[PDB]
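A short write-up of the structure that comes next.
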Amino acid sequence: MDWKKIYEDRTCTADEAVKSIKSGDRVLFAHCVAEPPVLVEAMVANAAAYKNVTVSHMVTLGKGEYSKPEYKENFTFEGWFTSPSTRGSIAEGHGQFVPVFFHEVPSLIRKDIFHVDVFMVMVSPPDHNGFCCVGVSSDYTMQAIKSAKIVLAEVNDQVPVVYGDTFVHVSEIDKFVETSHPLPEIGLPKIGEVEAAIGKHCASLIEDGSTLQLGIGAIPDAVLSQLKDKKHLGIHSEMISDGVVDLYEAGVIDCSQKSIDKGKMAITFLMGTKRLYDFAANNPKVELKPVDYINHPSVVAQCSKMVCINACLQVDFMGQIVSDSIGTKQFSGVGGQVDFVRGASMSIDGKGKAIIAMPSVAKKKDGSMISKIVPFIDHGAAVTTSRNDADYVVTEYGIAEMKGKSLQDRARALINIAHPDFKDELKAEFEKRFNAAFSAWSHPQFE
Ligand SMILES: CC(C)(COP(=O)(O)OP(=O)(O)OC[C@H]1O[C@@H](n2cnc3c(N)ncnc32)[C@H](O)[C@@H]1OP(=O)(O)O)[C@@H](O)C(=O)NCCC(=O)NCCS
């Protein structure tokens, strides 16, 4: 009745919409696959009208065009998480990066630390009552809507209706630009030998009726392919991808055994191919919720037999875990890695487990092999998951237990799970570091 006039009255072009942004403004984007590409390209196109507009967001599948050097006087990129197309700028010095736990984002917005002048969002078209769906995010996207002084909507009819806190009434949105284009999509990873091995070991720590979290990154997929014998698995996770769909139609994941959000896969956001968005649409077995629910340590602590599984770049001899930087170079963020390490530990049922997984080696550019197991982290790296937070660590060669184990015994476990061709250099490094023989009991048969 009134909502359609409101809608009809606020409909414009991407060009005029981006005129709500003024110099000095903090601008924020909807998360991930809810980033409005037309509303973004419009804003970039009109660069030459802005002076130091902060452009915040997290992981992105767009061109990060605003973070390029040329734009350094119209935009300051201020990432809360980075990705290939925006961490250029943090390295070169004109882009910014803010370390935040993912679950804390909504709060900081409420607090007005992350102040928002213009949130831009992609939502689907209104239903009969005038509620657009974000469909593909919830994360901070819901709080930013309530808190943004101005909200631009890139209404795209390709966006799904997905149950949960995904809804926004047209009355909450200052401008609408109707579009039509496919949503972005990531590639499936190559599940090789190393991938497969990391898989089965994680699969030996998941018991039937486990609830799972599976973070951004390649590795939690080879895991999923190793889970086919599992029964009654449930989901409570930041995100889920195509791998989770396979397991769900293979009858393994059914959430019949959860303590909270019974019968549902509870997620904060979706990223994947179109098979995933289509599956998630109008599906009672999926519910998107805000991150300061999904990622909240207190809430994760309530999950049943929780197995978190995330990835890292390197690990040191104390079990300090580095997941978002290579030396002084910023690469991603904590995102939710720590949120689910904290929550699995606080498990009320006492059964929580967090698994950080990684190949033991990585290739460099000169083609030299390097150990991801190190005496010491790379100069200037950020400790992501601290030694006190550490739990399970997992490579192609095995599992190592960091929880309640001494500095010496952790180093022993990790060396255990390292590429054989590095064990002996790692062993020398042990003895140097700790002023103690690598091998603990000694035999009279020698010296
Ligand atoms: C750990 C993380 C960065 C890995 O993601 P990924 O896409 O699986 O990353 P990769 O293993 O491809 O590593 C990236 C590259 O750096 C290199 N690399 C990895 N570890 C390295 C190390 N210790 N030293 C130097 N280089 C390294 C690899 O060679 C790799 O290949 P490329 O250079 O050919 O592209 C990612 O999962 C992440 O950002 N994690 C933290 C956030 C998190 O856990 N969030 C939960 C939210 S759902």
Side-chain angles (χ1 to χ4, degrees), residues 31-32 58-61 79-84 86-87 97 99-103 105 137 139-140 186-192 194-195 198 212-223 235-241 243-244 267-272 291 294-295 300 308-316 320-344 354-385 389 393-396 414 418-419 422:
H31 179 236
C32 200
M58 288 190 48
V59 83
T60 185
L61 294 164
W80 302 341
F81 200 91
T82 18
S83 14
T86 71
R87 82 176 145 243
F97 171 92
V100 234
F101 294 126
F102 192 15
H103 90 270
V105 177
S137 294
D139 33 55
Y140 61 86
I186 51 164
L188 298 164
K190 307 206 217 142
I191 293 163
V194 166
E195 275 71 37
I198 292 180
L212 324 169
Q213 172 274 325
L214 306 92
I216 45 156
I219 281 325
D221 205 349
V223 176
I235 292 266
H236 180 104
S237 173
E238 255 221 19
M239 69 145 104
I240 51 139
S241 215
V244 171
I267 55 160
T268 203
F269 92 91
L270 294 170
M271 196 185 174
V291 260
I294 299 280
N295 280 48
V300 174
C308 306
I309 294 158
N310 314 239
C312 58
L313 297 184
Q314 73 180 182
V315 193
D316 76 346
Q320 285 190 132
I321 290 175
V322 166
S323 309
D324 60 321
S325 67
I326 302 140
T328 53
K329 252 180 178 167
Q330 190 54 45
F331 191 85
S332 26
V334 249
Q337 182 177 96
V338 168
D339 296 348
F340 293 69
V341 169
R342 312 223 264 111
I355 288 144
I356 315 262
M358 63 166 206
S360 65
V361 308
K363 262 202 200 126
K364 254 192 184 166
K365 278 308 165 22
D366 32 60
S368 54
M369 255 28 204
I370 50 169
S371 192
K372 294 175 50 138
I373 308 286
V374 302
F376 315 96
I377 68 205
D378 299 23
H379 187 72
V383 157
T384 307
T385 300
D389 283 322
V393 161
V394 183
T395 64
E396 63 270 39
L414 293 174
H419 197 282
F422 294 99

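The residues of the chain are indexed from 1 along the displayed sequence. Below, all heavy atoms of this structure are taken into account, side chains as well, without hydrogens, waters or symmetry copies. Just follow the structure's listing: the first ligand is 1, and inside any ligand the first atom is 1.
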Legend entry - Shortest protein contact, atom 24 (N) of ligand 1 (heavy atom only): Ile370 CD1, 3.7 Å
Legend entry - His103, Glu238, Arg342, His236 screened by side-chain hydrogen bond (donor to acceptor under 3.5 Å, both in side chains) with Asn295, the one that passes: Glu238
Inset, instruction - Look only at the side chain of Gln314 and the backbone of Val374, and say whether a donor-acceptor pair between them is shorter than 3.5 Å. - result: no
Inset, instruction - Give a yes/no verdict on whether any heavy atom in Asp324 is under 4.0 Å from an atom of ligand 1. - result: no
Legend entry - Contact check, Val334 vs ligand 1, heavy-atom distance below 4.0 Å: yes
Inset, instruction - Mind running side-chain hydrogen bond (donor to acceptor under 3.5 Å, both in side chains) on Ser323 and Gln337 for me, showing each step along the way? - result: CA-CA 8 Å; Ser323 309; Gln337 182 177 96; 2.7 Å; yes
Inset, instruction - Ignoring angles and geometry beyond distance, decide whether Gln337 reaches within less than 3.5 Å of ligand 1 through its nitrogen or oxygen atoms. - result: yes
Inset, instruction - Specify whether the nearest protein heavy atom to atom 31 (O) of ligand 1 is under 4.0 angstrom away. - result: no
Legend entry - Protein non-hydrogen atom below 4.0 angstrom of atom 35 (O) of ligand 1 present: no
Inset, instruction - Establish whether atom 20 (N) of ligand 1 and some protein heavy atom are separated by less than 4.0 angstrom. - result: yes
Inset, instruction - Scan the protein's non-hydrogen atoms and note whether one is under 4.0 Å from atom 1 (C) of ligand 1. - result: yes
Inset, instruction - Answer yes or no for atom 47 (C) of ligand 1: protein heavy atom present at a distance under 4.0 Å? - result: yes
Inset, instruction - Would you mind reporting whether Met369 and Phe422 have side-chain heavy atoms less than 4.5 Å apart? - result: yes
Inset, instruction - Please work out whether any backbone atom (N, CA, C, O) or any side-chain heavy atom from C-beta onward of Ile216 is under 4.0 Å from ligand 1, and answer side chain, backbone, both or neither. - result: both
Inset, instruction - Could you tell me whether some N/O pair between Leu313 and ligand 1 is separated by less than 3.5 angstrom? - result: yes
Legend entry - atom 12 (O) of ligand 1 within contact range, any protein heavy atom under 4.0 Å: no
Inset, instruction - May I ask which of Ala362, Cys308, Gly333, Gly215 has a heavy atom nearer to atom 41 (C) of ligand 1 than the others do? - result: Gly333
Legend entry - Chi angles and distances behind the side chain to side chain contact (heavy atoms under 4.5 Å, CB included) call for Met58, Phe269: CA-CA 12 Å; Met58 288 190 48; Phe269 92 91; over 6 Å; no
Legend entry - atom 15 (C) of ligand 1: nearest protein contact (heavy atom, Å): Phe331 CZ, 4.1 Å
Legend entry - Structural part of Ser332 in contact with ligand 1, heavy atom criterion under 4.0 angstrom: side chain
